[PDB]
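Single chain ahead, written as structure tokens, the form deposited in one PDB entry.
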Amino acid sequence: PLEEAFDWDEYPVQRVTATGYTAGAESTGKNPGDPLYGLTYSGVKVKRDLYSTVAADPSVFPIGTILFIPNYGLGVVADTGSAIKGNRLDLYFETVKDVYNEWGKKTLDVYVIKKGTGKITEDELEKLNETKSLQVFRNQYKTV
């Protein structure tokens, strides 16, 4: 594939943190019908292609900057965002499902603690969450 087709290490390298996004309201607060729906900060339409539109911090990667992003592809800096600051990228995908599956999808090892019986109730789930020996870890997962 493209990752192996060229010696990319001849180009400058930048460590970044990257998430995915779509043109939809969950990312942009805009919906179909809005005048600027689907349009990046630069004015060009969002695109997932050989060269895809990506979001970055203009002070780090100016608009028009061409990047190669492993496991995503070639990217042209065309968009920006309030949360997109510093060494941060946001990668355009067509659908929320694509963000979940093409960037969010992770292969990893999980530990099987107890085989289930086929049932679970609210009471049992509450009992598990009230486990005394684990309350010290609980604030790390509770939102409230």
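Only residues modelled in both forms are compared. Whichever C-alpha set is largest while still superposing within 1.5 Å between the two forms counts as the rigid core. Numbering starts at 1 and runs along the sequence shown.
The following text describes the form deposited in another entry, which does not appear among the structures shown.
Superposition of the core reveals a Cα shift of 2 Å or more for residue 103 between the shown form and the other one. With the core held fixed, residue 9 shows a CA shift below 2 Å between the shown form and the other one.
Relative to the superposed core, residue 66 shifts its CA atom by less than 2 Å between the shown form and the other one. In sequence order, 29-36, 96-142 are the runs of at least 3 consecutive residues whose Cα positions differ by 2 Å or more between the shown form and the other one once the rigid core is superposed.
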